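Descriptive structure summary
Letter by letter, the chains look like this.
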Protein chains: 2
Amino acid sequence: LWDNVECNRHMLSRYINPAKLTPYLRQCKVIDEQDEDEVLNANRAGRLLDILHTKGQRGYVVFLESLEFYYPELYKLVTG
Amino acid sequence: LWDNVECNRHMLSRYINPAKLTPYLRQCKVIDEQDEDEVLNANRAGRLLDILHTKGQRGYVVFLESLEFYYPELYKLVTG
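1. Concerning the overall build of chain A
Summing up its helical and strand segments, chain A has seven helices and zero strands in all. Helices and strands appear in chain A in the N-to-C order α-α-α-α-α-α-α. On the principal axes, the C-alpha backbone points of chain A span a range of 30 × 25 × 20 Å. Of all 80 residues assigned to chain A, the portion counted as buried reaches 45%. Counting every atom, chain A has about 4700 Å² of accessible surface; 49% of that belongs to carbon and sulfur. A gap of 2 Å separates the mean positions of the 10 positive and 12 negative side-chain charges of chain A.

Given below as structure tokens:
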């Protein structure tokens, strides 16, 4: 069920601003400060998803919560 | 319907040499040499796909052929 986000790899990267998300992910200890700069200052969105696919269910749950909040319409697009 | 390619996007990237596909692709007349060395003279293959997206359905069709040809196992997963 990570294959939700993965189908939508293309368009998300196209619409989402990663910078808005990563804070809440930093907070929820899904990612650390190294991954936030690594995303932000290593298109950079694809990087974020890349690293999130490494994080299992805990990752997905949180990302989706952030995706819902800042990107509600896109999120519907992803979720069924 | 880019979906078969674009759901397997993460795993297609990790297992393709764009160098094997480009000359085929150019010659098919779907991409041009600017495209070829834009991609090549560089998920350095994410770009290849992204570019093909830009061509729509002919892009899709012809990308699928090159898998039928050069990564026949990848072709398999992609077509089911």
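2. Some words on the nonpolar core
Of all hydrophobic cores here, the largest spans 24 residues; its most connected members are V5, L12, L52, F63 and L67 of chain A. Among the elements of the structure, α2 (9-15), α3 (18-27), α5 (45-53), α6 (56-70) and α7 (72-78) of chain A are those that each provide at least two residues to this core. Ignoring sequence-local partners within four residues, the contact set of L67 of chain A consists of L12, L21, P72, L74, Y75 and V78 of chain A. Grouped together as the second largest cluster of nonpolar side chains are 23 residues, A45, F63, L64 and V78 of chain B included.

3. Here we look at the packing of aromatic side chains
Scanning the entire structure with this criterion turns up six aromatic pairs over all chains. When the ring of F69 of chain A is compared with that of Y70 of chain A, the centres are 5.1 Å apart and the planes differ by 85°; the resulting orientation is edge-to-face. Residue classification places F69 of chain A among the exposed positions, given a relative accessible area of 64%. Clustering of aromatic rings is evident, with ring pairs tying together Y24, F69 and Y70 of chain B.

4. What to know about the relation of the copies chain B and chain A
In the superposition of chain B on chain A (RMSD 0.8 Å, axial shift 0.4 Å), the rotation amounts to 175°. Both copies are brought into coincidence by an operation consistent with a two-fold rotation axis. Of every C-alpha in chain B, the one belonging to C7 of chain B sits nearest the axis of rotation, 1.8 Å from it.

5. Concerning the pattern of salt bridges
All names here are of chain A. One pass over the full model with this rule turns up 13 salt bridges over all chains. Note that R26 and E33 form a salt bridge whose closest N and O atoms lie 3.3 Å from each other. Because the salt bridges share partners, they merge into one network encompassing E6, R9, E38, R47 and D50.

6. With respect to the environment of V30 of chain A
Residues and elements named next belong to chain A. Along the chain, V30 falls in the loop between α3 and α4 (33-41). The class for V30 is buried, based on a relative accessible area of 7%. Residues contacting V30, with those up to four places away along its chain left out, are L25, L52, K55, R58, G59 and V62.

The rules behind the values
Residues numbered from 1 in each chain as written, not as in the entry; some residues may be left out. Chains lettered and ligands numbered in written order. Heavy atoms only, no water. Helix = DSSP H or I, 4+ residues; strand = E, 2+ residues; numbered from the N terminus. Buried < 20%, exposed > 50% of the residue type's maximum accessible area, 1.4 Å probe, protein only. Areas by Shrake-Rupley, 256 points an atom, 1.4 Å probe, with all protein chains shown as cover. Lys, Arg positive; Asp, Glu negative; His and termini not counted. Charge placed at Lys NZ, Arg CZ, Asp CG, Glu CD. Core = buried A, V, L, I, M, F, W, Y, C linked by side-chain atoms within 4.5 Å. Contact = heavy atoms within 4.5 Å. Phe/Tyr/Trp six-rings, centres within 6.5 Å; stacked < 30°, edge-to-face > 60°. Least-squares fit on C-alpha atoms. Salt bridge = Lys/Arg side-chain N within 4 Å of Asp/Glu carboxyl O.

These figures come from the coordinates and say nothing about function on their own.
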